[PDB]
Amino acid sequence: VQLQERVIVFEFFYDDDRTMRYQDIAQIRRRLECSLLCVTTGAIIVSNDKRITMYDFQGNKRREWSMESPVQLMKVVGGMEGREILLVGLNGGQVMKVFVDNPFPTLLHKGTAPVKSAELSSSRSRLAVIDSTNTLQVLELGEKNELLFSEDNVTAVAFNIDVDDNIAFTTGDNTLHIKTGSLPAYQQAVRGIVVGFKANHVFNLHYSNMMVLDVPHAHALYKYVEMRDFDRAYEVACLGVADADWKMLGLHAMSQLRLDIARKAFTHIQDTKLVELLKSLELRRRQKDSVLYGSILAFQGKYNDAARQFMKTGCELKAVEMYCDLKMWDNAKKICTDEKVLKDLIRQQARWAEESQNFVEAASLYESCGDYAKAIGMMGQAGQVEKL
Amino acid sequence: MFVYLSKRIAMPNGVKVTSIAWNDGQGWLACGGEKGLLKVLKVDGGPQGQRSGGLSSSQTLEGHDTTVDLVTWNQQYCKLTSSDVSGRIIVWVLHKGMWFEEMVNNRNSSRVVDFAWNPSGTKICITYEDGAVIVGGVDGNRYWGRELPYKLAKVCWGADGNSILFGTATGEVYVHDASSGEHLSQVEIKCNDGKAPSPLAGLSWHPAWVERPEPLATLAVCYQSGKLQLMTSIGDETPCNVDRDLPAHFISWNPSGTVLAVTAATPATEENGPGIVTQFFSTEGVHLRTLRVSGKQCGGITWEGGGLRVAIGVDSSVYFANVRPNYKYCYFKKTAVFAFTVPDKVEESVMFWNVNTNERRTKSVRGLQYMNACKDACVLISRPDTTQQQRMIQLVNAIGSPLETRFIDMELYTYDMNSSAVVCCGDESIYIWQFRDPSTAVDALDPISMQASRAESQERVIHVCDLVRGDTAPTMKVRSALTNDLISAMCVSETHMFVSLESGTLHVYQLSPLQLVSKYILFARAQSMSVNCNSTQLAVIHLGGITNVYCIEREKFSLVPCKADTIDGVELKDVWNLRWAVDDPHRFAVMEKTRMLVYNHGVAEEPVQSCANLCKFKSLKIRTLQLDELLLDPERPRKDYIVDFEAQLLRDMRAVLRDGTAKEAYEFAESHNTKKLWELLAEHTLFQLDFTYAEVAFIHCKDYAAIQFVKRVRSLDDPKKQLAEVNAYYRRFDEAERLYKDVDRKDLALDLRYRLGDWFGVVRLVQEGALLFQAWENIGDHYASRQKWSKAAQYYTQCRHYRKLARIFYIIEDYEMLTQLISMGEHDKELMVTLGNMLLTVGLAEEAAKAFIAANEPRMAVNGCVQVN
């Protein structure tokens, strides 16, 4: 806290009763003039115009850097104790890392406009730069900063502290975009600027009001499922999606002949029907995408579409047996066309009628089949003397 | 919010009630009456005591020579106080369960008109008609006494506890100090005309929101004329003054502070005769409900300590009216959803509680006003600003992840949702947000949320009176064309939409497309409506209280108004909840009075004694939620608040399967032909190792997966493994692993525990006597996804999986072990490149360079040393 004549450094701690407390651990009785201030583990840093001066907690100077342009932004991005990184933006478009042990800043970004705000990724392998024109550029850092994306009229930006490729930026039309990877951005249209971004929350400040907004991981999951990339779909899902979302993910993974992620998506559902579907599918796989999506839809509850899918591959026998096993022969008769399979299907009808205590119908089915050897006994059981 | 009479207690001798006061802490109701009648009854406020009618104690006290005029309670010490016309005041304290006097005083100066306790229950303001005030302590230590000049008639206590509000005989209200008692200020009144001094009948300030950032309008000032003015502070400038035509004599806030109750003794002017009419409002002045009983004189009105019962002194008797508060809740996908208030916030906390896994996700919603659900999604409607008439409509999924949002700037009053639209009605206009293509088949592949996201939204705003057709142009322009018939209720089906008007007309629209396809005439205005599964029958709770199930026929769809055909055998009074069977169009459950009835085809079952709110009705099962107990510990829901009932058909099938042959169960199932009965039959015969009944049951109800399961179980040989698999099917995993062990097969047990995905159990099974490392890695992934970095690091170190362990260490800002990792990862090259890049980015280039040379490529090492100088 920079006061009118001192700088007071507090430290936060918890007592025995698990109630957080503050203790003032340092006072620096130096009237300091700066445009930017940054505290760290053991030293404070002030910055005015061109000069960045780092002081210890007593008040003795520790280091100083002279830049090329006046400093617009300064922010500690974390590091080892006593070797903590800084991030500086200059009027010349230079974004640089100022290690508190080094006297030499390292160049990250060379921009064409004064840098108003810039933040580093959680993994610090990607960088977001806001220029003087309120134009945001996110690039992959390296020997040359390869640009990933750019978006205009950005008022604020934040990186996800817990997730690497997850950005949340608020534009000037009071809209809060949330990008993940290469996907488009979920848009919420909320007032104020985004000041923080964790894995499952967005801390958005509007004047004097801080609001915590949930991060929809289902929205990214849908898009990842749509374009048939499933690794990122699973990774976004693990951050917390509803049970129906896991169900849909597993079903789509199965329908793309990708069962390894399917076995993992149905761990979070607690629905044994999909689990037995999975184990039957792997029973097949230990021994065709249009063949097995028919099986998926059969287990789903749409047998007509399943049979159509089995028609698509040209093998009608599997759909014929599937319709036989449901014991509705009306829909099984049209699909079956082989000369022997008509007799086989009516024989199965006769056997089922025999086992279903429907004796007159069984006799009629046998007369259609012509199996008089069993038809005599079935007709005797039915009890019509004249027909006998 | 619903009300219904549920008890009546007669005073001895028929002595007319003059005062009544109900304790909160324990439940000791107290009543008073002329000739010095004073009674203390004990009622159990728990739902068990409401079902069993618990009245444990009844003691007639004495010590008053004339009518007991004022009765007040102290809930911190459970101390009663009573008054008399003669001018005596008696305090009463419980000794070993009974009531005895502790102090009797007689001022012999004036008649006491009020006294009250602070929220702490530490000071009592005994005030008289001459204006004399005495503030006494708990024991009796007189803090201060005064003789104020004006004539006092009503006295309240400040919410904070440092101010005392007084009321004059004329009608003016002042604010004084708790300690000094000087004339601090005067409340700004505007309901009072000021032409003539009107006496006041209610003055209560509920302290439930003292430490609230925006304190609610819990102050209440009521006059004998009937003008109610709800203020939020001592000198609030914009009260929510809501007027009522009826007069007023007594008011009472509920213990939650969320409902005010104002009672009036209506004379024989009306054709209904003399009576007692109680109006129940919310804190915003919204009129919630009204209960009318027969009587001539009103003695008082009290609330039960749980705020679920109101005791009304009608002439020479006491009525207990059970109060069903309007709970904003829903249930879907094995997930209850319910909102509740915290005293230190303005927002409302909406818990999404999965009861199958007890998983809790709390969402903060500001000014929530509606909640509903369908298939795979829920709808939350809120008003973030009370002044600004902007309504936020958020479609969310099961765990609360927001799916879609809309903002409509018109004043809605009724709301509803189906699988493809959200419909909200104001006075006359109707907003329809179709967020999904209704022609698309909702399934597990394409749930409501995914289809809603992938598709486009169509918003319309139509009027009640205009005959919307298929070719009518959609518009977002509300119309305030002055039509007298305002909308009173509204309901939505999966294929239609039903609006009720204030007169009693019933418009029936389609949805896809939006056509006003019919009109009907109902017995009176509908205050609540619901529609069966296939939109053939429609249950309506009218304004009087009578519920009727009208028939809706597509053949009889004509634009001309006509009478609607009801259903015989269904005429219910005082219904406060209803649900329709989502799979059977005829069955429906009704919570009325204190009991549940499960109608099928119009004929009910035996009443079931319950007060749990109805949540779901499906597969002959009825899931209900005891919200009155759940809201006592909103942050700590217990599965014991979920109560499952069954239909008589289901109970009869259970009885047949319990003590009957398999053939009798088969005959029962074939005669009644319900999916649930076939599933139950198949389950019971599978647990008894007979598979033909299971096969025919899984054939009659359409389930190909279960048929394949039964065939797979049949194809096995060892019956113990078959019973283990059957236990695995029906979520009996402990027994399945037991029966797998009993055939010396631990492999099948660990496979079961891995497929179910409790990797803790896989760890337990593996440790008993690769896969242990795999289970540890999965637990580490689970703990990482919940941002538990320490425990994830624990299980990754136990797994010895350094690729993710390094990322963990980078996250914790713990570079000691990060630099350590090189020694144990030297045989990994890619890990070295990643570690060197990480330490390059963090600036530690020495360990970065040694990691890079552990990768046998030092050009990046010298590069990193150069870039950091």
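Bear in mind the residue numbers are our own, running from 1 along each chain as written, so they may not match the entry, and residues with no coordinates are left out. Chains carry letters and ligands carry numbers; both start at the beginning, A for chains and 1 for ligands, and go up in the order they are written. Bear in mind that the chains are drawn from a larger assembly and that all values refer to what is shown. As a rule here, side-chain values come from all non-hydrogen atoms in the structure, and water together with hydrogens is ignored.

For this structure, the PDB header gives the title as "Structure of Leishmania tarentolae IFT-A (state 2)".

Student: Quick question: what am I supposed to make of the interface of chain B and chain A here?
Tutor: Any two residues having at least one pair of non-hydrogen atoms within 4.5 Å are treated as being in contact. Across the contact, 56 residues belong to chain B and 56 residues belong to chain A. Of the roughly 4,900 Å² buried at the junction of chain B and chain A (both faces included), carbon and sulfur atoms supply 58%. For this analysis, a salt bridge means a side-chain nitrogen from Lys or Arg found within 4 Å of a carboxyl oxygen belonging to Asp or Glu. Viewed at the interface, chain A and chain B are joined by two salt bridges. Between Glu282 of chain A and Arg755 of chain B there is a salt bridge, and its shortest N-O distance comes to 2.7 Å. In the analysis that follows, any N or O atom pair within 3.5 Å is treated as a polar contact, provided that within protein one partner can donate a hydrogen and the other can accept it, and provided that, for residues neighboring in sequence, both atoms belong to side chains. Linking chain B with chain A are 13 residue pairs in polar contact, by the criterion used here. By definition, any uninterrupted DSSP run of H or I lasting at least four residues is a helix, any uninterrupted run of E lasting at least two residues is a strand, and each is numbered from the N terminus. The dominant element in the side of chain B that touches chain A, judged by the number of residues it contributes, is helix α8 (residues 704-714) of chain B, at five residues. A breakdown of the residues in the side of chain B that touches chain A according to their chemical character gives 27 nonpolar, 16 polar and 13 charged. As a working definition, buried area equals the accessible area (1.4 Å probe) given up by two parts on being put together, with both sides summed. Amino acid classes used here: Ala, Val, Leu, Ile, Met, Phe, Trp, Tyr, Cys and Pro are nonpolar; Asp, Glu, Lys and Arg are charged; the rest, including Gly, are polar.

Student: I tried to follow unusual backbone geometry on my own but got confused; where do I start?
Tutor: For residues besides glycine, phi is generally negative; the peptide bonds are generally trans as well. All names here are of chain B. Put simply, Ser512 and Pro513 share a cis peptide bond, and its omega is 0 degrees. Relative to the helices and strands, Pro513 resides in the loop between β43 (505-510) and β44 (516-521). Its identity as a non-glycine residue notwithstanding, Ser619 has a phi of 50 degrees, on the positive side.

Student: Is there a simple way to think about the pattern of salt bridges in this case?
Tutor: One side chain can pair with another of opposite charge once the charged atoms of both are near each other. Taken as a whole and assessed by the stated rule, the structure comprises 55 salt bridges over all chains. With its nearest N and O atoms 3.0 Å apart, the salt bridge here joins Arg232 of chain A to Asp229 of chain A. If you follow the salt bridges from partner to partner, you end up with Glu282 and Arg286 of chain A together with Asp751 and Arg755 of chain B in one network.

Student: What's the story with a nonpolar patch on the surface in this structure? I'm lost.
Tutor: Residues and elements named next belong to chain A. Patch members must show over 30% relative accessible area and no salt bridge, and they are joined within 9 Å when carrying like charges or within 5 Å when they are nonpolar side chains of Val, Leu, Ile, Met, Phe, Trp or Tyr. Only the protein chains shown count as covering a residue, and every accessible area follows the Shrake-Rupley method with a 1.4 Å probe. Taken together, the side chains of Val1, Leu3, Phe10, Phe12 and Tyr22 define a hydrophobic patch exposed on the protein surface, amounting to about 530 Å² of accessible area. Turning to its location among the elements, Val1 is positioned in the segment before β1 (7-14). Here the term buried applies to any residue with accessible area under 20% of the maximum for its type, exposed to any over 50%, and partly exposed to those in between, with areas from a 1.4 Å probe on protein chains only. The exposure class assigned to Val1 is exposed, which follows from its relative accessible area of 56%.

Student: How should I be thinking about the packing of aromatic side chains in this particular structure?
Tutor: Both the distance between ring centres and the angle between the ring planes are used here to describe each pair of aromatic rings. Residues and elements named next belong to chain B. To pair, rings of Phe, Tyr and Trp, with the six-membered ring standing in for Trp, must have centres within 6.5 Å; the planes then decide the type, stacked if under 30 degrees apart, edge-to-face if over 60, and tilted in the middle. The final tally for this structure, using the stated rule, is 24 aromatic pairs over all chains. Geometrically, the ring pair formed by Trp580 and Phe588 is tilted, given 4.6 Å between the ring centres and 35 degrees between the ring planes. Three or more aromatic residues joined by ring pairs form one cluster here, namely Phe687, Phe709, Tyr729 and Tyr730. Charge-over-ring contacts are defined here by two conditions on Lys NZ or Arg CZ: a distance within 6 Å of the ring centre and an angle within 35 degrees of the ring normal. Above the face of the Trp209 ring, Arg212 is positioned so that its terminal group lies 5.2 Å from the ring centre. Against the face of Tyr641 rests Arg638, its NZ or CZ located 4.7 Å from the ring centre.

Student: What should I look at first to understand the sheet that holds strand β15 (residues 163-168) of chain B in this one?
Tutor: Strands belonging to one sheet form pairs held by backbone hydrogen bonds; the direction of such a pair is parallel or antiparallel. Residue and element names in this part refer to chain B. Strands sit in the order β14-β15-β16-β17 across an open sheet of four strands; the sheet is antiparallel. With one partner strand each, in any of the chains shown, β14 (152-155) and β17 (183-186) form the two edges of the open sheet. Taking the axes of each pair of neighbouring strands and ignoring which way they run, one obtains an average angle of 35 degrees across the sheet. Strands pair, by our definition, only if DSSP identifies at least two bridges between them. The sheet contact formed by β14 and β15 spans three bridges and is antiparallel. When the bridges of β15 are listed, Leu152 appears paired with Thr168. A fitted line through C-alpha atoms serves as each axis, taken over the contacting stretch for helices, and the angle formed by two N-to-C directions is quoted from 0 to 180°.

Student: Explanation requested: the side chain of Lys363 of chain B in the structure shown.
Tutor: Summarising the element assignment, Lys363 of chain B is placed in strand β32 (residues 359-365). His residues and chain termini do not enter the charge count, which takes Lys and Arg as positive and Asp and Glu as negative. Here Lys363 of chain B occupies a buried position and makes no salt bridge, while the nearest side chain of opposite charge, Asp214 of chain A, is found at 4.3 Å. A distance of 2.3 Å separates a polar side-chain atom of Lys363 of chain B from the backbone oxygen of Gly400 of chain B. Among all residues touching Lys363 of chain B, those that are not within four sequence positions of it are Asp214 of chain A together with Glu348, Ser349, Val350, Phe352, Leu380, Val396, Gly400 and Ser401 of chain B.

Student: Could you clarify how one ought to interpret the sheet that holds strand β6 (residues 61-66) of chain A in this entry?
Tutor: Residues and elements named next belong to chain A. With respect to topology, four strands assemble into an open sheet ordered β3-β4-β5-β6, the strand pairing being antiparallel. Each edge of the sheet is formed by a strand with only one pairing partner; in this case those strands are β3 (36-39) and β6. The mean inter-strand angle of the sheet, taken between neighbouring strand axes irrespective of direction, is 15 degrees. Alignment of strand β5 (residues 51-56) against β6, held across five bridges, turns out to be antiparallel. Each bridged residue has a counterpart across the sheet, and for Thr53 the counterpart in β6 is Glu64.

Student: Just to check I follow, could you spell out the nonpolar core for this structure?
Tutor: Soluble globular proteins tend to bury their nonpolar side chains together. Counting residues in each nonpolar core, the largest one holds 110 residues, and the members touching the most others are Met254 of chain A together with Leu395, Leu686 and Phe698 of chain B. Apart from residues no more than four positions distant in its own chain, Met254 of chain A is found in contact with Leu259, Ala262, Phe266, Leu277, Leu278 and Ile296 of chain A. Counting 52 residues, the second-largest nonpolar core is a separate cluster that includes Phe99 and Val115 of chain A together with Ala793 and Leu835 of chain B. By nonpolar core we mean a set of buried residues, namely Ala, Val, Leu, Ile, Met, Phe, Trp, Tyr and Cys, connected to one another through side-chain atoms within 4.5 Å.

Student: Explain the environment of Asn778 of chain B to me, please; I cannot follow it from the model alone.
Tutor: Along the chain, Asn778 of chain B turns up in helix α13 (residues 771-785). Spatially, the C-alpha atoms of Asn778 of chain B and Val868 of chain B are 38 Å apart, while their sequence positions differ by 90 residues.

Student: Whenever I open this one, the environment of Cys425 of chain B confuses me. Can you help?
Tutor: Along the chain, the position of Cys425 of chain B falls in strand β38 (residues 421-425). Residues contacting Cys425 of chain B, with those up to four places away along its chain left out, are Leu412, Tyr413, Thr414, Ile430, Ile487 and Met490 of chain B.

Student: Could you clarify how one ought to interpret the packing of helix α4 (residues 648-658) of chain B against helix α5 (residues 662-672) of chain B in this entry?
Tutor: A pair of packed helices is characterised by two quantities: the angle between their axes and the separation of those axes. Residues and elements named next belong to chain B. At their nearest, the axes of α4 and α5 sit 9 Å apart, and the two run at 160 degrees to each other. On the basis of the axis angle, α4 is roughly antiparallel to α5. Crossing of α4 over α5 shows left-handed handedness. Facing α4, whose interface residues are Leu649, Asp652, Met653, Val656 and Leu657, α5 presents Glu664, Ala665, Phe668, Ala669 and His672. Oblique is the label for every angle not falling under 35 degrees (roughly parallel), over 145 degrees (roughly antiparallel), or within 65 to 115 degrees (roughly perpendicular). Crossing handedness is defined as follows: a turn of the near helix away from the far one that is anticlockwise and smaller than a right angle gives a left-handed crossing, while the clockwise case is right-handed.

Student: What is the right way to look at a positive patch on the surface in this model?
Tutor: All names here are of chain A. Together, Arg263, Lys264, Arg285 and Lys288 line one region of the surface with positive charge. Mapped onto the elements of the fold, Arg263 is located in helix α4 (residues 259-265). The partly exposed category is assigned to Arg263, whose relative accessible area is 41%. By convention, charge coordinates are those of NZ in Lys, CZ in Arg, CG in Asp, or CD in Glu.

Student: Just to check I follow, could you spell out empty space enclosed by the protein for this structure?
Tutor: To find the voids left in a structure, one rolls a probe of water-molecule size over its atoms. Residues and elements named next belong to chain A. Any residue with an atom within 4 Å of a point lines the site, the site being either a cavity, points on a 1 Å grid over the protein atoms alone where a 1.4 Å probe fits but cannot get out, or a pocket, an open set with protein on both sides within 12 Å along at least 5 of 7 lines. Grid points are joined across faces, edges and corners, and a volume is the space filled by probe spheres set on the points. If you add up the space inside the largest cavity, you get close to 110 Å³. Forming the walls of the largest cavity are 14 residues, and the residues nearest its centre are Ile178, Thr180, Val215, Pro216 and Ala220. Among the elements that make up the lining of the largest cavity, the one with the highest residue count is helix α1 (residues 217-226) (four residues). Among the residues making up the lining of the largest cavity, the classes are represented as nine nonpolar, four polar and one charged.

Student: Just checking my understanding: could you explain the pairing of strand β2 (residues 20-28) of chain A for this structure?
Tutor: Residue and element names in this part refer to chain A. Here eight bridges tie β1 to β2, and the two strands are oriented antiparallel to one another. Residue pairing across strands places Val9 opposite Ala26, the latter belonging to β2. A loop of five residues connects β1 with β2, the two strands running antiparallel in sequence, and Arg18 in this loop sits at a positive phi of about 60 degrees.

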